[PDB]
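K.L.:
Let me give you the structure first, and then I'll get to my questions.
In our numbering, the protein residues as written are 205 to 441.
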């Protein structure tokens, strides 16, 4: 240290990403691997995910939030509020509980850190109390995704952040499956991190398929921008 790059300096170009998830939902075990790249300058993520154990036992859209918030575009005036990059390269742990309304829940733990040049997201997911004939195990969700805001606040006692948001998944009959997300992030290292003022991230996501791919898979294009803090002191405009 004598470490060439630290914090936000690691994200000035395109960074390769590797995602590994091991899952168990109501005793259906599965694994997912993902590869792609992130460009934090534009808040852009491009990834392809493959279920390596056969058919995915839950709908792909239910895994989007779980499957690297480091790649969010933070405006210059908000750079001091970017907890995610400030925790790099040593990384952070992200913990979630995701409540599917009138159905089961996911509990997840992810370690996000660099291994050399590659940003790695290693996840374990446990799902319980799902209805075998409900929207999730019954595969009744559309293969699509809506835009959402994700709300971030500092948790000074844990030297981390707390995050909450609700996802609305479209059901094939025109209705909505809600998924309430509760999230906390904690740094792995003992170094200083940036603890943000209240703000949010705005997500857009597009799901597609690789026409040449026979394995069960999802192609994801996603844009993420921080917002909710304005540039005043004096009124610039």
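We put the beta carbon where it would ideally sit given N, CA and C, even for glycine.
My output table needs one value for residue 276: the three-state DSSP class, helix, strand or coil.
P.N.:
If you number the chain shown from 1, residue 276 lands on position 72. In the structure shown, residue 276 sits in coil (DSSP, three-state: anything other than H, G, I, E or B).
K.L.:
If you reduce the DSSP assignment to three classes, tell me which class residue 214 lands in.
P.N.:
The sequence position of residue 214 within the chain shown is 10, counting from 1. In this structure, residue 214 counts as helix in the three-state DSSP scheme.
K.L.:
Starting from residue 253 and walking both ways along the beta strand (DSSP E), at which residues does that stretch end?
P.N.:
The residue given as residue 253 occupies position 49 in the chain shown. Start and end: 248-255.
K.L.:
Quick one: give me the first and last residue of the alpha helix (DSSP H) that residue 330 is part of.
P.N.:
As a first step, residue 330 is located in the chain shown; it is residue number 126 there, counting from the start. Counting along the chain, residue 330 falls outside any alpha helix (DSSP H), though it belongs to the beta strand (DSSP E) covering 322-332.
K.L.:
Can you name, in chain order, every residue of its own chain whose Cβ lies under 7 Å from the Cβ of residue 372, other than the five neighbours on each side?
P.N.:
Counted from its first residue, the chain shown places residue 372 at position 168. Same-chain partners within the cutoff: 350, 380, 382.
K.L.:
Taking Cβ to Cβ, would you say residue 251 is nearer than 8 Å to residue 238?
P.N.:
In the chain shown, residue 251 corresponds to position 47, counting from 1. In the chain shown, residue 238 corresponds to position 34, counting from 1. Their beta carbons are under 8 Å apart, which means residue 251 touches residue 238 by this criterion.
K.L.:
When burial is assigned at 16 or more other CB atoms within 10 Å of the CB, is residue 325 buried or exposed?
P.N.:
To locate residue 325, count along the chain shown from 1; it is residue 121. It is buried - the Cβ of residue 325 has at least 16 other Cβ atoms within 10 Å.
K.L.:
Beta-carbon within less than 8 Å of residue 393's beta-carbon, same chain only, minus the 5 sequence neighbours each way: which residues are those?
P.N.:
Counting from 1 along the chain shown, the entry for residue 393 is found at position 189. Contacts found: 291, 294, 295.
K.L.:
Answer yes if the region 271-291 comes into contact with the region 430-438, meaning at least three C-beta pairs across the two stretches below 8 Å, and no otherwise.
P.N.:
They touch, by the three-pair rule.
K.L.:
Among residues of its own chain, excluding the 5 on either side of residue 410, which ones have a beta-carbon nearer than 8 Å to its beta-carbon?
P.N.:
Counting from 1 along the chain shown, the entry for residue 410 is found at position 206. Hits under 8 Å: 349, 424, 425, 426.
K.L.:
Where are the beta strand (DSSP E) runs, 3 residues long or more, that stay fully inside the region 359-387, in chain order?
P.N.:
DSSP runs (the beta strand (DSSP E)) wholly in the region 359-387: 364-374.
K.L.:
Tell me where the beta strand (DSSP E) around residue 412 begins and ends.
P.N.:
As a first step, residue 412 is located in the chain shown; it is residue number 208 there, counting from the start. That run of the beta strand (DSSP E) goes 403-412.
K.L.:
Which same chain residues end up closer than 7 Å to residue 352 when comparing Cβ atoms and leaving out the 5 residues on each side of it in sequence?
P.N.:
As a working note, residue 352 is residue 148 in the chain shown. 369, 371, 407.
K.L.:
What are the partner residues of residue 240, as DSSP defines its beta bridges?
P.N.:
Here residue 240 refers to the residue found at position 36 of the chain shown. Looking at the DSSP assignment, residue 240 forms a beta bridge with 221, 251.
K.L.:
Please report the straight-line C-alpha distance between residue 226 and residue 439, rounded to a whole angstrom.
P.N.:
On the chain shown, position 22 is the one that residue 226 refers to. On the chain shown, position 235 is the one that residue 439 refers to. About 50 Å.
K.L.:
State the DSSP-derived secondary structure class of residue 440, mapped to helix, strand or coil.
P.N.:
The residue you call residue 440 lines up with position 236 of the chain shown. Of the three classes helix, strand and coil, the one that applies to residue 440 here is coil, per DSSP.
K.L.:
Would residue 302 be called buried (16 or more neighbouring beta carbons within 10 Å of its own) or exposed?
P.N.:
Counting from one through the chain shown, the residue named residue 302 turns up at place 98. Buried, by the Cβ-count rule.
K.L.:
Taking only the alpha-carbon atoms, compute the straight-line gap between residue 306 and residue 339 and give it to the nearest angstrom.
P.N.:
Position 102 of the chain shown, counted from the start, is the residue given in the question as residue 306. Position 135 of the chain shown, counted from the start, is the residue given in the question as residue 339. Straight-line Cα distance between these residues: approximately 10 Å.
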